[PDB]
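Participant: Need the 3D shape of this:
(4 chains, ligands or ions: 9)
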Amino acid sequence: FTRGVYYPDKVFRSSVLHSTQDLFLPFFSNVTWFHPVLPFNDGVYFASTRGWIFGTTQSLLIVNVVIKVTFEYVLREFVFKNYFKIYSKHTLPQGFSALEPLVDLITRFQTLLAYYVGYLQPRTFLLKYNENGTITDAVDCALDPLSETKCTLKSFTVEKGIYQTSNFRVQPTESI
Amino acid sequence: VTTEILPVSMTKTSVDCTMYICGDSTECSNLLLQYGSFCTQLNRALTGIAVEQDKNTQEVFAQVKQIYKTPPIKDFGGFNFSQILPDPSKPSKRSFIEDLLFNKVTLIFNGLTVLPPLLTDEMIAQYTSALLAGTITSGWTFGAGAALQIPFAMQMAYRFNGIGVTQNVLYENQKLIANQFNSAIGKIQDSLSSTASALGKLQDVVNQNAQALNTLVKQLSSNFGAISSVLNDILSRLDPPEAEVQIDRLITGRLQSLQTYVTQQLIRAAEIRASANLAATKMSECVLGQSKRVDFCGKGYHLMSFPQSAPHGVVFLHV
Amino acid sequence: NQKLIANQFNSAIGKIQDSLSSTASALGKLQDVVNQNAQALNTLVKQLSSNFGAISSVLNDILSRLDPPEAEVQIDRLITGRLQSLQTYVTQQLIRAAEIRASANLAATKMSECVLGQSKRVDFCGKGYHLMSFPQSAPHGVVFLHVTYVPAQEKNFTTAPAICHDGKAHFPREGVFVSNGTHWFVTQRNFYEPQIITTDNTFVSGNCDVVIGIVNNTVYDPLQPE
Amino acid sequence: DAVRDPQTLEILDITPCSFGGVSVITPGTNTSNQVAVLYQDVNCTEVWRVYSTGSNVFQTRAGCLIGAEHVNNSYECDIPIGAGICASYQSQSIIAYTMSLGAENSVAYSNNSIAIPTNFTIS
Ligand SMILES: *[C@@H]1O[C@H](CO)[C@@H](O[C@@H]2O[C@H](CO)[C@@H](O)[C@H](O)[C@H]2NC(C)=O)[C@H](O)[C@H]1NC(C)=O
Ligand SMILES: *[C@@H]1O[C@H](CO)[C@@H](O[C@@H]2O[C@H](CO)[C@@H](O)[C@H](O)[C@H]2NC(C)=O)[C@H](O)[C@H]1NC(C)=O
Ligand SMILES: *[C@@H]1O[C@H](CO)[C@@H](O[C@@H]2O[C@H](CO)[C@@H](O)[C@H](O)[C@H]2NC(C)=O)[C@H](O)[C@H]1NC(C)=O
Ligand SMILES: *[C@@H]1O[C@H](CO)[C@@H](O[C@@H]2O[C@H](CO)[C@@H](O)[C@H](O)[C@H]2NC(C)=O)[C@H](O)[C@H]1NC(C)=O
Ligand SMILES: *[C@@H]1O[C@H](CO)[C@@H](O[C@@H]2O[C@H](CO)[C@@H](O)[C@H](O)[C@H]2NC(C)=O)[C@H](O)[C@H]1NC(C)=O
Ligand SMILES: *[C@@H]1O[C@H](CO)[C@@H](O)[C@H](O)[C@H]1NC(C)=O
Ligand SMILES: *[C@@H]1O[C@H](CO)[C@@H](O)[C@H](O)[C@H]1NC(C)=O
Ligand SMILES: *[C@@H]1O[C@H](CO)[C@@H](O)[C@H](O)[C@H]1NC(C)=O
Ligand SMILES: *[C@@H]1O[C@H](CO)[C@@H](O)[C@H](O)[C@H]1NC(C)=O
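Facilitator: Numbering: from 1, shown residues only, chains lettered A, B, ... in the order given. Ligands and ions are numbered 1, 2, ... in the order given. Structure data below:
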């Protein structure tokens, strides 16, 4: 429903409404339920109910804490974006929380010994920071006309009226 | 009977800023992102102008809450109002003088669009016909509460009583007053039906709004020191890191042209506000009552006035 | 009717008090000015984070990373981009100030003509027949409380322009000739108050074969015993 | 706007694509969450797919309105659209209608009738 919102940068901000064009998982998108062969388009949201096996056929490995890559280091949500970055937070219900970053640094992946697989898309959100600098809300602009109106006025409440938001144009179908 | 012409509103134009600067080019719309919020400023200014133009027409014409009707027995003591009252043979509320006035003014995409008004010409004609019917059947009483009926000869008698002349002058010269009023309305009808062009104050607004749009279209064929005025030719002849410095010059020139246009549209709308406020005050003090101000409603001792609609304007007929 | 007029005035003041003490948002014309000024200042502040073609929007990390031979080329773009935004802001403030000045001149004219005297201009000091007005202060504005006369509860009658009594027409000094079906009276024009038609509230002019609509009646003579 | 075919020598014309605009008619968020979408002057046949086809399609002189049930009544105007058409939110939905200019009244004029007020109201 509303999953896959992290802190897009390392700069502290508070009580603002910042607009970030970043690769996100779109709201109300369909994800596969497992209880195998999993491709890699641009980035994968992961959840669970041990570790991971990445690569193409080098191999990127996480077991459980030791990591083989060469590099080595000694209800759970995981954003695996690759610029390989791991975001993680644990406490699919209707809830929503911001995923704090953990660590920093492929055409398929796998897992060790139920989970979920999402796929990130080029989007543009509108984050709501708070007094403590954490994220409490977000708005996907290209979901519906109401959220596009919220992205235009840059608020989360809209007054009664009529608002010009964008324009449309049929794309060129084929080349000649 | 004299004629007084005032502008009320003008054409509601809108501009697609991104398309006018560089349409169908994402690597130019990404270069327009390096300038902050300019197109939102320009769209906010033009949207405020567009709402302002509907507010002008609303406050000039919508000054009644009823819609009055003229009675089917038109025996008004000898006066003849058929040239200004509505005519049902035509498919509108519009009348004969209003047909002449609508036929006199005859002038009438890179983002440049024109928005329609809120009130239509038929609705504005219904407002003016309600104003005429309320005036003729009730005097000034319908502008201060409930419309109270009175015979038209008695109304005209104590409109004479408000310029220092007694009412026996009217009750002993009623037929002469009626014939002079009918001949004056006929002379107005003849001087409007002839080829004398008296709607120059309304034609000036249309010509001044057309020249600015034609200049704004004409500025798209200037190179501004670049190699071409066509963006696709630059994008097909150059690599991107050499096309950057040409697209920047085109963006700078087209932003300068848009800002000049928007500033002059703001300054031109500022006087249309003043003319619409003058027209609203003249409506309230000439049509809804009788005015003691010298040379405000006509030229002479004022008796009564009638409103008529016009393209982006209003015409008062002061008696 | 002094007590009735007093109670109606008190009830009207109480209803104004109630419609302000509720949550009815009425000061929108005053809130618009504050909103537009705050929005213009917020846009002028947010224009400082644009780089206008340069490598950054901060002047300090340009000066601490480049030498003055090819640093001024970066600084000139920011100087032009900020001059343009200042010029736009000042131009639109100059355009707003003339509208505020026209509204202030209208408020001064209303203060002179509605409060310091009684006005005959229709719908200038309220809707109806104006009596008096009161000022009240507001944040960056003024609020006028116009007190007007509104007629109510009308009634149909039969009228006539003149009266022929002894072969002479009779016209009213002020008011209209009305009739309730059987008798004829003269009353004032804005309040029904019928009186007997005598030779002290009428005047005579000519004979009664010219006026279109004249009606026979008796015009009383007040010096009856002498 | 015109060009010659370089192989068949044919005179074939050029016109641009659709190019409209999009407005969003909505109540407050403290009342509902449904919207309506106005497409600027496209005549409803060349037009998100729920807001492209389906029921609740209405043709205006200002454009193509999708998501609002047109009725035959006439109310005080609530949200202006253009050319006489207004919109309002009324088991609850968004409607579109032709706005009314006021009530109906006919003054009972004759040549010998007058109306005199008998009371008053201080306002
Ligand atoms: C008011 O004036 C009009 C003229 O504008 C009169 O209309 C004429 O009506 C007669 C028949 O009654 C026609 O034969 C004429 O052709 C009409 N004139 C024109 C110019 O078309 C009208 O009769 C007048 N009203 C009254 C009550 O006499
Ligand atoms: C019109 O007004 C006159 C005012 O005099 C009314 O005449 C009086 O009516 C009362 C009835 O209450 C009688 O007691 C008086 O004797 C009448 N006076 C005269 C001089 O006739 C008259 O009734 C009214 N007519 C209508 C139809 O209301
Ligand atoms: C108003 O009164 C006058 C005077 O009584 C009437 O005039 C005369 O009335 C007598 C009798 O009715 C007639 O024989 C005369 O021919 C009338 N003279 C004129 C010059 O008309 C008059 O008729 C009355 N009017 C009404 C409407 O009753
Ligand atoms: C004054 O008289 C007129 C004329 O009769 C009244 O208007 C009538 O109102 C009724 C409504 O009950 C209609 O059926 C009639 O058709 C109306 N007559 C005309 C000629 O239009 C009017 O209501 C009366 N007003 C007062 C205050 O008594
Ligand atoms: C004029 O209208 C006023 C209403 O504003 C009437 O005053 C009311 O009269 C009734 C009589 O039954 C009293 O019960 C109310 O208390 C009065 N209201 C106030 C505010 O005092 C007045 O009677 C009317 N006058 C006439 C002649 O009809
Ligand atoms: C911020 O944290 C404090 C305690 O750490 C808490 O009392 C407060 O409610 C928090 N505010 C928000 C907006 O979460
Ligand atoms: C008023 O009109 C009627 C016809 O309805 C007519 O008989 C009467 O003579 C007219 N009155 C005047 C004073 O013209
Ligand atoms: C618009 O559509 C209607 C019917 O859908 C049609 O009658 C009319 O001709 C069309 N107008 C244009 C300009 O295509
Ligand atoms: C509105 O009126 C038209 C008649 O012109 C009718 O065909 C249509 O069904 C009516 N629609 C509604 C919702 O009443």
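Participant: can you pull out the helices in the stretch 201-319 of chain B?
Facilitator: With DSSP state H, counting those that start in this stretch applied, the stretch 201-319 of chain B shows helices at B:231-237, B:240-282, listed in chain order.
Participant: Can you say which of those is packed in most?
Facilitator: Mean neighbour counts were taken over the helices of the stretch 201-319 of chain B using mean count of other CB atoms under 10 Å in any protein chain shown, and the top value, a mean of 17, falls to helix B:240-282. Where C-beta positions appear, they are placed from N, C-alpha and C, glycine not excepted.
Participant: returning to what we had before: is it possible to get JSON lines of the helices of the stretch 201-319 of chain B that adds distance to residue B:88?
Facilitator: Rendered in JSON lines, the data for the helices of the stretch 201-319 of chain B read as follows (distance: least, CB to CB, whole Å):
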{"stretch": "helix B:231-237", "distance to residue B:88": "56"}
{"stretch": "helix B:240-282", "distance to residue B:88": "28"}
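Participant: quick one, which of the ones you listed is nearest to residue B:162?
Facilitator: Counting by CB to CB, residue B:162 lies closest to helix B:240-282 out of the helices of the stretch 201-319 of chain B; the figure is 18.2 Å.
Participant: The helices of the stretch 201-319 of chain B: which one's closest to ligand 7?
Facilitator: When the helices of the stretch 201-319 of chain B are ranked by proximity to ligand 7, the top entry is helix B:240-282, at 33.7 Å, counting by CB to the nearest ligand atom.
Participant: quick one: that closest one to chain centroid distance?
Facilitator: Helix B:240-282 has its C-alpha centroid displaced from the chain centroid by 22 Å (CA atoms, centre = their mean, to the nearest Å).
Participant: ditto for stretch A:112-128
Facilitator: Centroid separation for stretch A:112-128 versus its chain: 3 Å, with CA atoms, centre = their mean.
Participant: now stretch B:23-39
Facilitator: On the basis of CA atoms, centre = their mean, stretch B:23-39 sits 36 Å off its chain's mean C-alpha point.
Participant: any chance you could map the helices in chain A?
Facilitator: Taking DSSP state H, the helices of chain A run over residues A:145-153.
Participant: Count residues in the vicinity of residue 5, would you?
Facilitator: Since no chain was named, I'll use chain A. As a burial measure, the neighbour count of residue A:5 was computed by other CB atoms under 10 Å in any protein chain shown and equals 21.
Participant: To clarify, I was referring to chain D.
Facilitator: Using other CB under 10 Å, the number of residues around residue D:5 comes to 9.
Participant: For it, give me its contacts.
Facilitator: When contacts are counted by CB atoms under 8 Å, 6 or more residues apart in numbering or on different chains, residue D:5 touches D:11-12.
Participant: how much space between it and residue B:230?
Facilitator: Here residue D:5 is placed at a distance of 21 Å from residue B:230 (CB to CB, to the nearest Å).
Participant: and if you look at residue B:277?
Facilitator: Distance of residue B:277 to residue B:230, given as CB to CB: 46 Å.
Participant: Taking the stretch 201-319 of chain B, what residue is nearest to ligand 7?
Facilitator: When you check the stretch 201-319 of chain B against ligand 7 by CB to the nearest ligand atom, the closest residue turns out to be residue B:304, at 21.1 Å.
Participant: Can you give me every residue that contacts the closest residue to that residue other than its chain neighbours?
Facilitator: Of all residues beyond its chain neighbours, the one nearest residue B:304 is residue B:319 (5.1 Å), with distances taken as CB to CB, 6 or more residues apart in numbering or on different chains. Neighbouring residues of residue B:319 by CB under 8 Å, 6+ apart: B:1, B:181, B:184, B:298, B:302-306.
Participant: Near the residue of chain C found nearest ligand 1, how many other residues are there?
Facilitator: When you check chain C against ligand 1 by CB to the nearest ligand atom, the closest residue turns out to be residue C:212, at 15.0 Å. Close neighbours of residue C:212, defined as other CB under 10 Å, add up to 13.
Participant: any chance you could map the strands in chain D?
Facilitator: Taking DSSP state E, the strands of chain D run over residues D:2-4, D:11-13, D:20-26, D:36-39, D:57-59, D:64-66, D:69-70, D:79-82, D:85-89, D:94-98, D:103-106, D:113-122.
Participant: Around chain C, pick out the residues from chain A.
Facilitator: Residues of chain A found near chain C (CB under 8 Å from any CB of the partner chain): none.
Participant: Let me know whether the longest strand seen in chain C sits next to ligand 7.
Facilitator: For chain C, the strand that runs over the most residues, judged by DSSP E, is strand C:141-160. No. Legend: contact between strand C:141-160 and ligand 7 by CB under 6 Å from any ligand atom is lacking; minimum distance shown is 8.6 Å.
Participant: how about the residue nearest the centre of chain C, what does it touch?
Facilitator: In chain C, the residue lying closest to the centroid (CA atoms, centre = their mean) is residue C:124, at 4.2 Å. Remark: with contacts taken as CB under 8 Å, 6+ apart, residue C:124 is in contact with B:281, B:284-285, C:110, C:113-114, C:130.
Participant: Assign a three-state SS to it, would you?
Facilitator: When the structure is split into helix, strand and coil by DSSP: H, G, I helix; E, B strand; the rest coil, residue C:124 lands in coil.
Participant: If we ignore the residues flanking it in sequence, what's nearest the residue in chain D positioned nearest to ligand 4?
Facilitator: Per CB to the nearest ligand atom, residue D:108 is where chain D lies closest to ligand 4, at 3.7 Å. For residue D:108, the nearest residue in space outside its immediate sequence neighbours is residue B:149; the separation is 5.8 Å by CB to CB, 6+ apart.
Participant: Confirm that neighbour sits in a strand?
Facilitator: No. Read with three-state DSSP, residue B:149 is coil and lies in no strand.
Participant: Now it: phi and psi?
Facilitator: Main-chain dihedrals, residue B:149, degrees, to the nearest 10: phi -80, psi 150.
Participant: and it, how many residues sit next to it?
Facilitator: So residue B:149, with other CB under 10 Å, has 21 neighbours.
Participant: right, and it touches residue D:116 too?
Facilitator: No. With contact defined as CB atoms under 8 Å, residue B:149 does not reach residue D:116; the gap is 10.6 Å.
Participant: ok, now which ones touch residue A:141?
Facilitator: By CB under 8 Å, 6+ apart, residue A:141 lies in contact with A:123-126, A:147-148, A:151.
Participant: now, among the residues you listed, which is nearest to residue C:189?
Facilitator: Comparing every one of these with residue C:189 (CB to CB), the shortest separation belongs to residue A:148, at 61.2 Å.
Participant: got a list of what that closest one touches?
Facilitator: If you count contacts by CB under 8 Å, 6+ apart, residue A:148 has them with A:141-142, A:165-166, D:24.
Participant: In chain C, which residue sits nearest ligand 7?
Facilitator: With distances taken as CB to the nearest ligand atom, chain C approaches ligand 7 most closely at residue C:213, which sits 3.3 Å away.
Participant: helices and strands around the one helix or strand residue B:42 maps to, which ones?
Facilitator: For residue B:42, the host element (DSSP states H and E) is helix B:39-61. Packing partners of helix B:39-61 (3 or more CB pairs under 8 Å, 6 or more residues apart in numbering or on different chains; DSSP states H and E): strand B:12-14, helix B:17-22, helix B:121-138, helix B:240-282.
Participant: go again using 6 Å as the cut-off
Facilitator: Packed against helix B:39-61, as judged by 3 or more CB pairs under 6 Å, 6 or more residues apart in numbering or on different chains; DSSP states H and E, are the following elements: strand B:12-14, helix B:240-282.
Participant: Now that we have those, can you turn them into a markdown table and tack on distance to residue B:170?
Facilitator: Shown next, in a markdown table, are the helices and strands packed on helix B:39-61 (distance: least, CB to CB, whole Å):
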| stretch | distance to residue B:170 |
| --- | --- |
| strand B:12-14 | 47 |
| helix B:240-282 | 25 |
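Participant: burial count for residue A:12?
Facilitator: Counted with other CB under 10 Å, the neighbours of residue A:12 add up to 8.
Participant: In contact with it, which residues?
Facilitator: For residue A:12, the residues meeting the contact criterion (CB atoms under 6 Å, 6 or more residues apart in numbering or on different chains) are residue A:133.
Participant: what's the lengthiest helix in chain C packed up against?
Facilitator: Longest helix in chain C by number of residues (criterion: DSSP H): helix C:68-110. Contacts of helix C:68-110 with other secondary structure elements, assessed using 3+ CB pairs under 6 Å, 6+ apart, are absent: no helix or strand is involved.
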